[PDB]
Structures are given as structure tokens and as C-alpha cells.
Amino acid sequence: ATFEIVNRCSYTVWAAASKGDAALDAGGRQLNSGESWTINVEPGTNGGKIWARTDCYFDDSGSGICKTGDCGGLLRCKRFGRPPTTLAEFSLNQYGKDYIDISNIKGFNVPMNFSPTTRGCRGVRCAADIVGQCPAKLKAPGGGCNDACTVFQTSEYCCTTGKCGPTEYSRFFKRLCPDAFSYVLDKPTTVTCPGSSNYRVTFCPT
């Protein structure tokens, strides 16, 4: 499957793509404002994620640090990124269909559109100014808007027991971005696409 990753932000981002225990494609790359990077994701990938990282520094070996979304200090991510991270999430070729969503469960750093480039389903978007409107207690000093689990480490926010409800903090993310997951047991905003669809992830779509 092809994913075209487009940075429409005025600032540089370092895109990342992983399924948690491996890179997808090269796993990460710098995208200056306006740049596009097309990756190939193996059919059947379950639990893949694409995200932006901000304010990164990498040495010549590809080792360094990012203020949001850092994946063990690597340019080329093999693992998931440090919150806060707006997440484009997908599982491909799952009994004939693909499943996509955007999630704010690990917070928000950069606005995103995640859309098919092929027929048969709709995209999803979370492009509100979540960072600017972020509740004071969720603001990440390093940049971005943390989720409440990350900040407070409670069963209720992290849904540890598999029982949790919406919270004042989840409702903030849901108000600004109704079409993204705001907490683990949110009413799903997953889109079912034809199996083997292709996609585009656009940072700062508006």
C-alpha cells in the first residue's frame, strides 16, 4: 500500500511510520514545508501508525532528539513515539478491508488529515487548534497538548481496567476534533475502506 505523507505546515516536521515493533518503510524522514514523502506499507500491516515529530535534531548517524513524537532518539523510527502525538492509525487487509482512524489518545502535536487516494471510503481530519486551546494542565512544556493518561496516570484516564468513561479532558479533544478518538472507549470513528486502498496523510491540511 502506498502512503503519501505531505507536510503542508509552515514548519519542518520529521515524519515517522511504525507498527510498534518495526519501522514501516524507512521509518522516518525530514519533511520541509511543502515536501511529500511516499512510503510503501506491506499489505496486512496491523496496528500501523504515522505521526509528525517536531523540533528535532539528528547527528550524521541518525541519532538525536525530538520535542514531540521522539522514537528512542532515532531519525528512522522502529518504535512508537513519545506523546504528545496526533496519530494516523491503520490496519490493512483485515478480512478483506482496511481500517483507518485518527487518535488523540496519546495527545496532539500537529494537525492532520488522513484520507484515501483510492475509491470507496471517506477521510478523517483533526485540524482544530488543539495546541492553542489546550487546557493548562495538559500543555506540554516541550510543545503540544498531552492526553490525560500521560499527565495523570490514573486507571480512569488510561482505561486500565477496560472500564472508563469520558472525562473533562477527553471531552476537550472530542469538542475540538469530533472525528478523532478522544479516549480508549470512545464511540469509534474508524472508517472502513476497501482492502488494499492507498492513502495520503497531510500535516496542517488547513
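Just so you know, the numbers here start at 1 and follow the chain as drawn.
Just so it is clear, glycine is given a Cβ too, placed from its N, Cα and C backbone atoms.
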Per Swiss-Prot, which of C71, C77, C121 is disulfide-bonded to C193?
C121
Minimum Cβ neighbour count within 10 Å among the disulfide-bonded residues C77, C134, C149, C164: which residue?
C164
Other CB atoms, at most 10 A from the CB of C145 (disulfide bond):
26
Out of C134, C177, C193, the disulfide-bonded residues in the record, which is closest to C56 (disulfide bond) when you go by Cα distance?
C134
